[PDB]
């Protein structure tokens, strides 16, 4: 290890946002603060002068953004209340209004979060697990934080992946949410603007480790076409990837890169496609590492140890 790496909590929650290749990564330090490391033509920060929030130890972490003009980062308080750190260009970092709504979740709850694609308005959908194990949507459409749709029972402590896009032939957002059911299967729930929430659970993986991390992204939306990638930590201690490609659907499942036992993961993407995955693989014991995919080089390890580790 290194003194910087030692600051990073083992099995920390990880989230990330970006605008093309301008990247922000969020993780929890060993004292329970949430920090931001940044990539602007090089990695920086992740230090004790870059704290944006403070959360229970072991907190789930989720983030979402409009480019890097608006960023939101979600975690839990010590009383398992959903809370929000918010950044707006020219306003700085501040506490969002979410904690004020006092949404109490299961202590083992994960969190998923997205801005709704295809509008300039700041509309948010947040997904977490309540004490009855249901996955609950919470929303902001400008008028205060309100409960939205409840997506049904999931495994206690299930990972929660979520992504959102707008098809170019549609008048609204599409959302997909992935989590794990009591049978240990990995499933999809879907929302399209005219159908609303589909009733059916779609299976994407037959059996996965209990409470494995789950993270998803999308790229190249078009006329009734999308590309999606969903990542999870499998029983061979690697991140696996489930591909949705237009015309083929859920046609490829494969290992991507090794991780430490119970690593969390984050994924971002941009058009190309460029993929960046973040996780812990044992580098300096506790540092966060990056995996990359692009057309130029395909699958390649990226930054070995994110700030503050190096």
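Numbering follows the first chain given and starts at 1.
request  = Look up the CA B-factors in the entry and say which stretch, 6-14 or 293-301, has the higher mean.
outcome  = If you average the C-alpha B-factors of 293-301 and of 6-14, the larger mean comes out for 293-301.
query = So which stretch wins on mean C-alpha B-factor, 168-176 or 227-235?
reply = Looking at the recorded C-alpha B-factors, 168-176 comes out higher on average.
ask   = Taking the Cα B-factors listed in the entry, which of 201, 212, 85, 162 comes out highest?
value = That would be 201, according to the entry.
task = State the tercile, meaning the lowest, middle or highest third, of residue 113 with respect to the CA B-factors recorded for its chain.
result = Its C-alpha B-factor, which the entry lists for residue 113, ranks in the middle third among residues of this chain.
task = Taking the chain's C-alpha temperature factors as the reference, tell me which third residue 37 falls into: lowest, middle or highest.
result = Ranked within chain, residue 37 CA B lands in the lowest tercile.
message = Among the modelled residues of this chain, does the Cα B factor of residue 128 put it in the lowest, middle or highest third?
response = CA B-factor rank for residue 128: lowest third.
request  = Tell me, lowest, middle or highest third: where does the Cα B factor of residue 274 rank within its chain?
outcome  = Middle third.
ask   = Taking the C-alpha B-factors as the PDB entry records them, is residue 29 in the lowest, middle or highest third of its chain?
value = Lowest third - that is where residue 29 ends up once the chain's C-alpha B-factors are sorted.
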